[PDB]
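Asks: So I've got this file, final16.txt, and it contains compact mmCIF, C-alpha atoms:
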```txt
# COMPACT_ATOMS: atom_id res chain seq x y z
CA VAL A 3 145.60 96.76 147.66
CA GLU A 4 149.02 97.90 146.28
CA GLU A 5 151.57 96.22 144.03
CA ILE A 6 154.86 97.17 142.38
CA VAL A 7 155.05 96.66 138.65
CA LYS A 8 157.67 97.13 135.94
CA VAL A 9 156.82 99.30 133.09
CA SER A 10 156.89 97.30 129.79
CA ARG A 11 158.00 98.28 126.32
CA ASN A 12 155.91 101.07 124.88
CA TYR A 13 155.10 102.34 128.43
CA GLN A 14 152.55 99.67 129.23
CA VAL A 15 151.67 98.94 132.87
CA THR A 16 150.04 95.72 133.97
CA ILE A 17 147.14 96.25 136.34
CA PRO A 18 147.91 93.46 138.72
CA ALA A 19 145.29 90.77 139.33
CA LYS A 20 144.73 91.80 143.01
CA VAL A 21 144.04 95.37 141.86
CA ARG A 22 141.76 94.10 139.08
CA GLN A 23 139.52 92.46 141.65
CA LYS A 24 138.49 96.01 142.47
CA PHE A 25 138.87 97.42 138.90
CA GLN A 26 137.70 94.86 136.38
CA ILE A 27 139.21 95.78 133.09
CA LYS A 28 139.12 93.61 130.00
CA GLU A 29 140.95 93.69 126.74
CA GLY A 30 139.37 96.36 124.56
CA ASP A 31 138.04 98.51 127.36
CA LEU A 32 138.46 102.24 127.24
CA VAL A 33 140.02 103.86 130.28
CA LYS A 34 140.77 107.50 131.10
CA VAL A 35 144.34 108.10 132.10
CA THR A 36 144.89 111.38 133.95
CA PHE A 37 147.72 113.12 135.70
CA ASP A 38 146.37 114.33 139.15
CA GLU A 39 148.28 117.45 140.10
CA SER A 40 146.92 117.41 143.70
CA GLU A 41 148.68 114.09 144.53
CA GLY A 42 151.27 113.86 141.77
CA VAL A 43 149.98 110.48 140.55
CA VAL A 44 148.44 109.02 137.45
CA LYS A 45 144.81 108.05 137.82
CA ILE A 46 143.09 105.36 135.65
CA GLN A 47 139.27 105.39 135.59
CA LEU A 48 136.62 103.34 133.82
CA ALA B 2 143.46 118.52 132.80
CA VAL B 3 146.04 116.19 131.29
CA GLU B 4 143.91 113.20 130.34
CA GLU B 5 143.79 110.70 127.52
CA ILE B 6 141.70 107.79 126.42
CA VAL B 7 143.62 104.52 126.32
CA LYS B 8 142.41 101.08 125.20
CA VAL B 9 143.36 98.22 127.58
CA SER B 10 145.78 95.90 125.84
CA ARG B 11 146.12 92.29 125.89
CA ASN B 12 147.04 90.93 129.25
CA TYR B 13 145.45 93.74 131.19
CA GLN B 14 148.00 96.42 130.42
CA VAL B 15 147.43 100.17 130.19
CA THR B 16 149.73 102.39 128.20
CA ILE B 17 150.75 105.60 129.97
CA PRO B 18 150.48 108.08 127.05
CA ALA B 19 153.13 110.65 126.06
CA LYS B 20 151.07 113.62 127.22
CA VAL B 21 150.73 112.10 130.66
CA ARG B 22 154.39 111.12 130.78
CA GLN B 23 155.37 114.80 130.33
CA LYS B 24 154.16 115.19 133.95
CA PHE B 25 154.77 111.65 135.23
CA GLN B 26 158.23 110.83 134.00
CA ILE B 27 158.48 107.19 133.78
CA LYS B 28 160.86 105.34 131.53
CA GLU B 29 160.57 101.87 130.03
CA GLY B 30 161.71 99.47 132.67
CA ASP B 31 160.90 101.62 135.65
CA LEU B 32 159.26 100.24 138.73
CA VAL B 33 155.91 101.85 139.75
CA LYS B 34 153.27 101.21 142.46
CA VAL B 35 149.68 100.43 141.29
CA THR B 36 146.95 100.94 143.89
CA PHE B 37 143.16 100.89 143.92
CA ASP B 38 141.98 104.06 145.70
CA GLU B 39 138.63 103.17 147.31
CA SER B 40 137.71 106.78 148.21
CA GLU B 41 137.91 107.94 144.60
CA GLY B 42 137.20 104.64 142.84
CA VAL B 43 140.25 105.00 140.57
CA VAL B 44 143.50 103.19 140.09
CA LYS B 45 146.52 105.28 141.09
CA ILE B 46 149.96 104.83 139.68
CA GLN B 47 152.63 106.39 141.77
CA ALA C 2 150.19 130.67 148.84
CA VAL C 3 150.92 127.11 148.00
CA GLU C 4 147.91 125.29 149.52
CA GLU C 5 144.92 123.13 148.87
CA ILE C 6 141.77 122.01 150.58
CA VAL C 7 142.03 118.38 151.50
CA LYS C 8 139.57 115.87 152.96
CA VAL C 9 140.77 114.18 156.11
CA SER C 10 141.22 110.40 155.73
CA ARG C 11 140.52 107.49 158.12
CA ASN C 12 142.52 107.41 161.35
CA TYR C 13 142.82 111.22 161.32
CA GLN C 14 145.32 111.28 158.45
CA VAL C 15 145.90 114.28 156.29
CA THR C 16 147.45 114.04 152.78
CA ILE C 17 150.14 116.67 152.23
CA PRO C 18 149.48 117.75 148.60
CA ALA C 19 152.14 117.34 145.98
CA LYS C 20 152.53 121.13 145.42
CA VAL C 21 153.12 121.57 149.16
CA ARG C 22 155.62 118.71 149.19
CA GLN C 23 157.70 120.40 146.48
CA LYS C 24 158.57 122.87 149.28
CA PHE C 25 158.27 120.51 152.28
CA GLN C 26 159.94 117.27 151.28
CA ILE C 27 158.56 114.29 153.26
CA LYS C 28 158.50 110.53 152.68
CA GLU C 29 157.03 107.63 154.52
CA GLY C 30 158.87 106.91 157.79
CA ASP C 31 160.09 110.52 158.27
CA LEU C 32 159.64 111.99 161.73
CA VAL C 33 157.72 115.23 161.97
CA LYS C 34 156.77 117.38 164.88
CA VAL C 35 153.01 118.08 164.94
CA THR C 36 151.99 120.97 167.08
CA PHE C 37 148.82 122.89 167.78
CA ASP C 38 149.58 126.66 167.65
CA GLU C 39 147.02 128.40 169.89
CA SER C 40 147.86 131.86 168.69
CA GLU C 41 146.98 130.97 165.06
CA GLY C 42 144.52 128.18 165.67
CA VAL C 43 146.40 125.88 163.22
CA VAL C 44 148.37 122.70 163.30
CA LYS C 45 151.96 123.04 162.35
CA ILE C 46 154.07 120.21 160.83
CA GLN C 47 157.90 120.57 161.03
CA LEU C 48 160.86 118.33 160.10
CA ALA D 2 153.16 123.36 173.93
CA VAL D 3 150.82 120.75 172.54
CA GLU D 4 153.24 118.84 170.29
CA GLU D 5 153.80 115.11 169.34
CA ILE D 6 156.20 113.24 167.14
CA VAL D 7 154.61 111.49 164.24
CA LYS D 8 156.04 109.20 161.52
CA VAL D 9 154.77 110.10 158.04
CA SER D 10 152.44 107.43 156.66
CA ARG D 11 152.26 105.91 153.27
CA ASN D 12 151.14 108.16 150.46
CA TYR D 13 152.39 111.27 152.14
CA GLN D 14 149.85 111.42 154.96
CA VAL D 15 150.39 112.74 158.41
CA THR D 16 148.44 111.51 161.37
CA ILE D 17 146.98 114.11 163.63
CA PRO D 18 147.51 112.61 167.13
CA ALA D 19 144.99 112.47 169.93
CA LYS D 20 146.69 115.14 172.11
CA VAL D 21 146.69 117.56 169.21
CA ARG D 22 143.11 116.75 168.31
CA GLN D 23 141.95 117.84 171.81
CA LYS D 24 142.60 121.35 170.46
CA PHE D 25 141.98 120.81 166.76
CA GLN D 26 138.85 118.84 166.37
CA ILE D 27 138.88 116.97 163.13
CA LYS D 28 137.86 113.64 161.80
CA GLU D 29 137.58 111.60 158.72
CA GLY D 30 135.60 113.44 155.96
CA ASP D 31 136.24 116.93 157.32
CA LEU D 32 137.71 119.55 155.02
CA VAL D 33 140.94 121.29 156.02
CA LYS D 34 143.34 123.64 154.27
CA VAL D 35 146.96 122.51 153.99
CA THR D 36 149.44 125.22 153.31
CA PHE D 37 153.17 125.80 153.04
CA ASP D 38 154.08 128.80 155.16
CA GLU D 39 157.05 130.35 153.29
CA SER D 40 158.13 132.61 156.18
CA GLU D 41 158.40 129.78 158.71
CA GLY D 42 159.22 126.94 156.32
CA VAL D 43 156.52 124.70 157.90
CA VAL D 44 153.27 123.11 156.79
CA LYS D 45 150.12 124.40 158.39
CA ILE D 46 146.66 122.80 158.63
CA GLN D 47 143.74 125.13 159.20
CA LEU D 48 140.03 124.49 159.67
CA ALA E 2 169.15 120.38 132.56
CA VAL E 3 168.01 119.46 136.07
CA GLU E 4 167.21 122.99 137.41
CA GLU E 5 164.57 124.46 139.75
CA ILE E 6 163.75 127.89 141.12
CA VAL E 7 164.11 128.10 144.95
CA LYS E 8 163.27 131.08 147.21
CA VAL E 9 165.99 131.67 149.86
CA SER E 10 164.65 130.74 153.29
CA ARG E 11 165.14 132.36 156.64
CA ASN E 12 168.63 132.39 157.90
CA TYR E 13 170.07 132.24 154.36
CA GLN E 14 169.18 128.67 153.61
CA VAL E 15 168.55 127.15 150.20
CA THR E 16 166.35 124.04 149.77
CA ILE E 17 167.83 121.48 147.47
CA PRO E 18 164.69 120.26 145.64
CA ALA E 19 163.74 116.66 145.02
CA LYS E 20 164.49 116.69 141.28
CA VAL E 21 167.98 117.98 141.97
CA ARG E 22 168.49 115.48 144.80
CA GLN E 23 167.80 112.54 142.41
CA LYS E 24 171.31 113.42 141.15
CA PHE E 25 172.85 114.84 144.33
CA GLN E 26 171.79 112.60 147.11
CA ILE E 27 172.06 114.48 150.40
CA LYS E 28 170.46 113.71 153.74
CA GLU E 29 169.98 115.82 156.84
CA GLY E 30 173.20 115.82 158.83
CA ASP E 31 175.48 115.33 155.78
CA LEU E 32 178.60 117.41 155.42
CA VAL E 33 178.89 119.33 152.13
CA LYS E 34 181.36 121.97 150.87
CA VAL E 35 179.86 125.34 149.83
CA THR E 36 182.08 127.37 147.57
CA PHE E 37 181.80 130.75 145.78
CA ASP E 38 183.18 130.37 142.23
CA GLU E 39 184.57 133.85 141.82
CA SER E 40 184.77 133.75 138.06
CA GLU E 41 181.38 132.28 137.26
CA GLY E 42 179.88 134.36 140.09
CA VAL E 43 177.81 131.40 141.41
CA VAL E 44 177.80 129.10 144.49
CA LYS E 45 178.77 125.51 144.07
CA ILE E 46 177.84 122.71 146.55
CA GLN E 47 179.97 119.55 146.51
CA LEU E 48 179.86 116.30 148.48
CA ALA F 2 189.09 130.10 147.44
CA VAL F 3 186.06 131.13 149.45
CA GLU F 4 184.80 127.77 150.64
CA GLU F 5 183.30 126.37 153.93
CA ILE F 6 181.99 123.03 155.04
CA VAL F 7 178.39 123.08 156.28
CA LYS F 8 175.91 120.47 157.53
CA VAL F 9 172.70 119.91 155.63
CA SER F 10 169.55 120.99 157.63
CA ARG F 11 166.13 119.57 157.81
CA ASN F 12 164.09 119.64 154.63
CA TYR F 13 167.33 119.29 152.63
CA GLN F 14 168.39 122.88 153.19
CA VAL F 15 171.88 124.20 152.88
CA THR F 16 173.00 127.34 154.66
CA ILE F 17 175.06 129.63 152.52
CA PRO F 18 177.77 130.61 154.99
CA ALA F 19 178.81 134.09 155.87
CA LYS F 20 182.15 134.10 154.08
CA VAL F 21 180.36 132.97 150.90
CA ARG F 22 177.65 135.55 151.30
CA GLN F 23 180.16 138.37 151.43
CA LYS F 24 180.62 137.60 147.70
CA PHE F 25 177.11 136.14 146.78
CA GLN F 26 174.86 138.56 148.42
CA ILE F 27 171.64 136.70 148.98
CA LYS F 28 168.79 137.38 151.40
CA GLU F 29 165.64 135.71 152.59
CA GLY F 30 163.07 135.90 149.80
CA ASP F 31 165.54 136.11 146.89
CA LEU F 32 164.97 133.68 143.98
CA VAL F 33 167.84 131.52 142.91
CA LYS F 34 168.34 128.89 140.28
CA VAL F 35 169.47 125.49 141.70
CA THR F 36 170.95 123.17 139.11
CA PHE F 37 172.75 119.78 139.16
CA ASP F 38 175.77 120.17 136.85
CA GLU F 39 176.67 116.71 135.60
CA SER F 40 180.02 117.77 134.13
CA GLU F 41 181.30 119.02 137.46
CA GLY F 42 179.20 116.84 139.74
CA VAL F 43 178.18 119.87 141.87
CA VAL F 44 174.96 121.76 142.58
CA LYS F 45 175.07 125.36 141.27
CA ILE F 46 173.18 128.12 142.84
CA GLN F 47 172.85 131.30 140.75
CA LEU F 48 171.02 134.66 141.05
```
Could the structure of this file be written out as structure tokens, please?
Replies:
Amino acid sequence: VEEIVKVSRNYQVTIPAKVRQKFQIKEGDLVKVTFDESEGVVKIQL
Amino acid sequence: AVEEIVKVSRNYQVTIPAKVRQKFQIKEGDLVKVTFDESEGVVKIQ
Amino acid sequence: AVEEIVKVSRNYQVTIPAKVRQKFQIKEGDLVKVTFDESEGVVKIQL
Amino acid sequence: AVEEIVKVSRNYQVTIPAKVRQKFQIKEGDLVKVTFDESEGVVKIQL
Amino acid sequence: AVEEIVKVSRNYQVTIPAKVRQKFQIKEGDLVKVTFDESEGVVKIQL
Amino acid sequence: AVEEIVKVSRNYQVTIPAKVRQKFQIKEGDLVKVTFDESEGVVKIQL
């Protein structure tokens, strides 16, 4: 479950609908955004 | 860790905050890949 | 040394950590030679 | 030698092939150490 | 600047790191010109 | 000039050739700074 997205103004990233089936975020929700040094990726967690 | 709390915007977007972008150097308009990692139960942005 | 403990993934796949890849620069589709070194008891990965 | 050619997988993973695994017995979930060997300029995987 | 520290490898080789290659796109097998700039006292690599 | 054409090696390595090394006296294990110089469009390698 992988999709390419374009980063929006003010560095916003859509979480695509196919990803959200597994990660069900809603307007208003708090998420933790982390840089993972081990893999060199950003992680988003609920 | 380099972590921040972000509130999910309208239309299911997540801002990548400045502190995170110091290590993950995306620019407005960039393409990125958004994946659900099942093992860890997080979204990865790569 | 630049190294990390990693958990093996499905289908016997091993993630090469980002700090290791700074020195050993691989991308999907690259050919590598994977060898078992008996003397050292390790697997070696070469480009 | 026990060697095989492997194509790097998505997300910077390398498959450990069956011929290599006859000598280096790993599977999904196992812990391994992945290192960059500076002297040889290769990646090594150790149990 | 786009700069990185590299340790000279065996046989007098220098890795061109990924951040530098975003600007200087070289591939294995490519011809490049290595020059000593006598006045600045540095090496320069050109395509 | 002291210049020579070389072929890029695996893992994006460049050999610093012998005629260059007579002037830029590097050795396995030395640290060097590798920079992309935009003005000149070259990679610089400095001790």
Asks: Calculated over all atoms listed in the file, which of the candidates E:14, E:26, E:2, E:40 has the smallest distance to chain F?
Replies: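 Checking each of E:14, E:26, E:2, E:40 against chain F, counting all atoms listed in the file, the winner is E:14.
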Asks: Pairing every Cα of chain D with chain F in order, what RMSD remains after the least-squares superposition?
Replies: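 Across all paired C-alpha atoms, the RMSD is 0.3 Å.
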Asks: Counting all atoms listed in the file, which residues of chain E come no farther than 9 Å from chain D, as number ranges by chain?
Replies: E: 8, 10-11
Asks: I'd like the interatomic distance between atom CA of residue 24 of chain A and atom CA of residue 3 of chain B, to a tenth of an Å.
Replies: 24.3 Å
Asks: Give me the residues of chain A that have any atom at most 12 Å from an atom of chain D; for each, the nearest atom pair and the distance in Å, rounded to one decimal. Use all atoms listed in the file, sort by chain and number, and format it as JSON lines.
Replies:
```
{"residue": "A:4", "atom": "CA", "partner": "D:11", "partner_atom": "CA", "distance": 11.1}
{"residue": "A:40", "atom": "CA", "partner": "D:35", "partner_atom": "CA", "distance": 11.5}
{"residue": "A:41", "atom": "CA", "partner": "D:12", "partner_atom": "CA", "distance": 8.7}
{"residue": "A:42", "atom": "CA", "partner": "D:12", "partner_atom": "CA", "distance": 10.4}
{"residue": "A:43", "atom": "CA", "partner": "D:12", "partner_atom": "CA", "distance": 10.2}
```
Asks: Can you spit out the residues from that selection as a compact mmCIF listing (two decimals), keeping the file's coordinate frame, using C-alpha atoms?
Replies:
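Writing the result to result36.txt gives the following:
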```
# COMPACT_ATOMS: atom_id res chain seq x y z
CA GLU A 4 149.02 97.90 146.28
CA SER A 40 146.92 117.41 143.70
CA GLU A 41 148.68 114.09 144.53
CA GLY A 42 151.27 113.86 141.77
CA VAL A 43 149.98 110.48 140.55
```
Asks: In Å, rounded to a single decimal, give me how far atom CA of residue 12 of chain A is from atom CA of residue 47 of chain A.
Replies: 20.3 Å
Asks: Please provide as a ChimeraX atom specification all residues within 6 Å of residue 14 of chain A, with the sequence filter that same-chain residues fewer than 3 positions apart are discarded (counting only C-alpha atoms).
Replies: /A:9-10 /B:14-16
Asks: For residue 24 of chain B, find every residue with an atom within 12 Å (counting only C-alpha atoms), except residues of its own chain fewer than 4 positions away, and show them as JSON, numbers by chain.
Replies: {"A": [36, 37, 38, 39, 41, 42, 43, 44], "B": [2, 3, 4, 17, 18, 19, 20, 47]}
